[PDB]
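Novice: 3D model of this:
(chains A, B, C, D and E, ligands or ions: 1)
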Amino acid sequence: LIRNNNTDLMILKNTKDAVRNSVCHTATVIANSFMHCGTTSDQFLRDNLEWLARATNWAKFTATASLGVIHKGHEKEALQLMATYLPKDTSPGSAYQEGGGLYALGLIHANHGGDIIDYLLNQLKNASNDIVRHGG
Amino acid sequence: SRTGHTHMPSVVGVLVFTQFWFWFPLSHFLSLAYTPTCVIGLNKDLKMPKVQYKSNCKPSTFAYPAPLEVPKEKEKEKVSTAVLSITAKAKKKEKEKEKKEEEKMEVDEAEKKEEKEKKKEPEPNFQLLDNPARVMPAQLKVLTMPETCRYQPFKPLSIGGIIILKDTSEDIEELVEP
Amino acid sequence: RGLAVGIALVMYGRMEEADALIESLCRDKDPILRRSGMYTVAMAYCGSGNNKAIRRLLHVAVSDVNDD
Amino acid sequence: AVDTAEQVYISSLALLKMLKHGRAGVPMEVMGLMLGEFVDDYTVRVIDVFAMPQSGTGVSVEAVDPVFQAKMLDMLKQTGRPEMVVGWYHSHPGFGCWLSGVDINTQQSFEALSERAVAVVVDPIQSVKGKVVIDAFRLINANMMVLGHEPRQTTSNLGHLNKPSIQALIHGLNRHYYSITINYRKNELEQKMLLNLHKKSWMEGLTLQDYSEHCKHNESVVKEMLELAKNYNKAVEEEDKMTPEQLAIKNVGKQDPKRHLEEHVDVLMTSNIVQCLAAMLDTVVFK
Amino acid sequence: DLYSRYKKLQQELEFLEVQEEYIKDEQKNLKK
Ligand SMILES: [Zn+2]
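Specialist: Residues are numbered from 1 along each chain as shown, chains lettered A, B, ... in the order given. What follows is the structure:
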């Protein structure tokens, strides 16, 4: 999946320009995660962020979920990837990062029994209420 | 799936994906139903040997261009002058003026045909492919085994996934591990 | 609605053993739970051309009143 | 924490108190209170409706009587059920539904008191045939005034229940409040006892309307059906190749070919069968 | 060969009885 990376960037840009002020931002960050699924290629989370920081209150839950979709099947490196974008070190005030972060670990390591079951077990012991126990 | 059975992730992944009315972030679950369209020629436990095998397509070639990213640069540039009048015989006698000026002083320009038609017909449908080779699932039956190489397959190869090659007689080679 | 898909997904391809549960969920007057039985009869009968399924599923496809 | 696509539950008695109090004072914009319960974040339900006495000011905050407020609540605590008020309503007869000038002033008092306090506007005189013109609305703030109001999110049940109508969006929609979704809490132990008890007649099914009114009807219909058969003969014996699908469209008359046909014959069939089956069963049963 | 043809004719016969039953309901429904 990494040695056959012919995706197209300009189609995603020729749909980017027609994005008006609707809630299509979630519809675009689910679109790129589909056509970069398992690719482990982060360029939209690199080349622009101010358009990504426009939508809120569930799109942050969707965007950090889409980070796990691009890294599907990423066994050891996905742990240290979100041991960089931790549930408590990005920002302690936003529960949508730590909610969709734990949801992203489940998206990566589906059908893989290991410590990540126990790692998510211990963080459902100590968690907040609403949009932490969802993605957990 | 491959052998007549059905996948448990591809069913569960698509049915919760039907529930995108009531919750948009359930749409991440469709990534479970993404199964590869590739074959894998792993012969030993570690070696994937670099093998060459070919196609049997009926006339033609296909398969994964995605090329077109032009903005269609267009020009209005003109409106055709449609004055149909004494103009018609006036341009005709002007073309008579060129039959004294062109063909009597210097015009010897020429061009050649059928160079661009020549490269099309001897084409492949014998495309060679290394170990993790993609193939459209419609062409799991019109592929061709690598009989022209030394290293020829052993498992019945008719559907995509993973196989063993029979790495044949001695001097085993051709590692790739990126 | 979370338990709607959940009790549909606890059984998978039993192909005869869900029939008491299939009859129980659809006879109830809860519209979500009737909808939940329709996902349950889908997942218990995956890929099989069951005549009893295609009769019963099309029957409630005609006569039922809730759109969902 | 901000709004989503909500849902409004109304009880069966609540809608009946709306249309009855609206039909009572049909000219003069009746007013009342709405009593329910806040079950979660973003679904509201209502169980009860009681009205207000008529004020000379009109539909405003001055029409709210606080001594009629608390003493009516004093009685409903000890009898039935005590619960919190969740909103209010009025009736706007001259149009369908939109919050007017003095509508929106008393809304600001209620959302300062309650969390949401959803308004309800009902035209009583427009609802005639089989449908009701009811809709519930809810005011927005000024903090997102250069931003997109109604901050709605991951759902797909927003495009239904109404598109914004042009007689309603010419006023404060959509940059002043938002529209909300309303379905009905349809229940059993009420539905069948309203159905079977409102439309019912026991001995009517085997009456006779007997024969002197009925043989005259069988006398009449056959006579023009004879001429209808003569007109049916005329098109059949015509049968010309004048491009007969174009010959039929230039001979449209709201008439014979099959429409003015057996439709009468079906009525002649059903009338005599129900007449004769009732006649034969009554000879059987009685002695 | 022949046993598979006999099973498929059993299946297809019981199939289009069900789709016959659907059109019986809809034509009854569109009258109302
Ligand atoms: Zn009003």
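
Novice: in chain A, where's the longest helix?
Specialist: For chain A, the longest helix by residue count, based on DSSP state H, is helix A:95-108.

Novice: and it, is it in reach of chain B?
Specialist: Yes: using Cβ under 8 Å from any Cβ of the partner chain, we find that helix A:95-108 touches chain B at A:100, A:103, A:107. C-beta: built from backbone N, CA, C; applies to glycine.

Novice: following that helix, which helix or strand shows up next?
Specialist: helix A:115-125 (DSSP states H and E).

Novice: from the residues of helix A:95-108 next to chain B, which is closest to chain C?
Specialist: When the residues of helix A:95-108 next to chain B are compared for distance to chain C (Cβ to the nearest Cβ), residue A:103 wins out at 14.7 Å.

Novice: count residues in the vicinity of the residue nearest to residue D:256 when sequence neighbours are not counted, would you?
Specialist: Nearest-residue entry for residue D:256: residue D:231, 4.8 Å, with adjacent residues in sequence omitted and distances by Cβ to Cβ, 6 or more residues apart in numbering or on different chains. Residue crowding around residue D:231 was assessed by other Cβ atoms under 10 Å in any protein chain shown; the count is 17.

Novice: list the buried ones in the helix or strand where residue D:231 lies?
Specialist: Element membership for residue D:231, per DSSP H and E: helix D:215-236. By 16 or more other Cβ atoms under 10 Å in any protein chain shown, the buried positions in helix D:215-236 come out as D:225, D:228, D:231-232.

Novice: same question, stretch B:131-143
Specialist: Within stretch B:131-143, the residues scored as buried using 16+ other Cβ under 10 Å are B:131-133, B:135, B:140, B:143.

Novice: next: stretch A:76-95.
Specialist: Applying a neighbour-count criterion of 16+ other Cβ under 10 Å, one finds A:78-79, A:81-82, A:87, A:95 buried in stretch A:76-95.

Novice: quick check: end-to-end length of it?
Specialist: Using Cα to Cα, to the nearest Å, the end-to-end distance of stretch A:76-95 comes out at 25 Å.

Novice: who's in contact with it?
Specialist: Here stretch A:76-95 makes contact (Cβ atoms under 8 Å, 6 or more residues apart in numbering or on different chains) with A:60, A:64, A:67-68, A:71, A:74, A:97-98, A:101-102, A:104-105, A:108-109, A:116, A:123, A:128, A:130-132.

Novice: gap between it and the chain center?
Specialist: Here stretch A:76-95 is found 11 Å from its chain centre; the criterion is Cα atoms, centre = their mean, to the nearest Å.

Novice: am I right that residue A:33 sits in a helix?
Specialist: Yes: using DSSP: H, G, I helix; E, B strand; the rest coil, the assignment for residue A:33 is a helix.

Novice: how near is it to residue D:106?
Specialist: Separation of residue A:33 from residue D:106 (Cβ to Cβ, to the nearest Å): 48 Å.

Novice: looking at chain B, which helix is longest?
Specialist: Ranked by residue count and defined by DSSP H, the top helix of chain B is helix B:87-101.

Novice: pull the CA atoms of that helix into CSV?
Specialist: What follows is helix B:87-101 as a C-alpha-only set of coordinates in CSV (Å, rounded to 0.1, in the frame of the first residue of the first chain):
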residue,chain,number,x,y,z
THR,B,87,-16.3,38.8,-50.5
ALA,B,88,-16.8,35.3,-52.0
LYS,B,89,-15.3,35.9,-55.4
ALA,B,90,-12.8,38.4,-54.0
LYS,B,91,-11.1,35.7,-51.8
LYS,B,92,-11.2,33.4,-54.8
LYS,B,93,-9.1,35.7,-57.1
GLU,B,94,-6.7,36.1,-54.1
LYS,B,95,-6.1,32.4,-54.1
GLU,B,96,-5.3,32.8,-57.8
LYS,B,97,-2.7,35.4,-56.8
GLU,B,98,-1.0,32.8,-54.6
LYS,B,99,-0.7,30.3,-57.5
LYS,B,100,1.8,32.6,-59.0
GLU,B,101,3.7,33.4,-55.7
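
Novice: give me the distance between it and the centre of its chain.
Specialist: Distance of helix B:87-101 from its chain centroid, counting by Cα atoms, centre = their mean, is 51 Å.

Novice: listing partners with orientation, what would you give for whichever helix or strand comes after that helix?
Specialist: Per DSSP H and E, the first helix or strand lying C-terminal to helix B:87-101 is strand B:152-153. Next to strand B:152-153 in the sheet, as set by DSSP bridges, lie strand B:165-166 (antiparallel).

Novice: which residues are contacting the strand it pairs with?
Specialist: For strand B:165-166, contacts defined as Cβ under 8 Å, 6+ apart pick out B:41-43, B:49, B:51, B:146, B:151-154.

Novice: give me phi/psi at the residue of chain E found nearest chain D?
Specialist: In chain E, the residue that lies nearest chain D is residue E:31 (11.9 Å; Cβ to the nearest Cβ). Backbone dihedrals for residue E:31, given as degrees, to the nearest 10, come out at phi -70, psi -40.

Novice: distance-wise, check it relative to residue D:199.
Specialist: 21 Å.

Novice: go on, residue A:68?
Specialist: 59 Å.

Novice: which non-adjacent residue is nearest residue 10?
Specialist: Picked chain A for this. Residue nearest to residue A:10 in three dimensions, not counting chain neighbours: residue B:69, with 4.3 Å by Cβ to Cβ, 6+ apart.

Novice: I was thinking of chain D, sorry if that wasn't clear
Specialist: Leaving aside its sequence neighbours, residue D:10 sits nearest to residue D:46 (Cβ to Cβ, 6+ apart; 5.4 Å).

Novice: shouldn't the one you found be in contact with residue D:12?
Specialist: No: using Cβ atoms under 8 Å as the test, residue D:46 is too far from residue D:12 to be in contact (11.1 Å).

Novice: looking at the two, which is more packed in?
Specialist: residue D:46 (25 against 14).

Novice: need the three-state assignment for that one.
Specialist: Classification of residue D:46 by three-state DSSP places it in strand.

Novice: now it: how far from residue D:3?
Specialist: Computed as Cβ to Cβ, the residue D:46 to residue D:3 distance reads 19 Å.

Novice: got the end-to-end distance for stretch D:254-263?
Specialist: Stretch D:254-263 has an end-to-end distance of 14 Å (criterion: Cα to Cα).

Novice: buried stuff in that stretch?
Specialist: Under the neighbour-count criterion of 16+ other Cβ under 10 Å, stretch D:254-263 has D:256, D:260 buried.

Novice: ok, and the closest non-adjacent residue to the residue in chain C that chain D sits nearest to?
Specialist: Closest contact between chain C and chain D, by Cβ to the nearest Cβ, is at residue C:29 (6.1 Å). Nearest residue to residue C:29, sequence neighbours excluded (Cβ to Cβ, 6+ apart): residue D:188, at 6.1 Å.

Novice: using the three-state scheme, assign residue D:115.
Specialist: In three-state terms, and counting by three-state DSSP, residue D:115 is coil.

Novice: list the contacts of it.
Specialist: Listed by Cβ under 8 Å, 6+ apart, the contact set of residue D:115 reads residue D:38.

Novice: what does chain A have sitting close to chain B?
Specialist: Applying Cβ under 8 Å from any Cβ, we find that chain A lies next to chain B at A:1, A:3-4, A:6, A:8, A:10-11, A:14, A:26, A:30, A:33-34, A:37-38, A:58, A:61-62, A:65-66, A:68-69, A:72, A:100, A:103, A:107, A:110-111.
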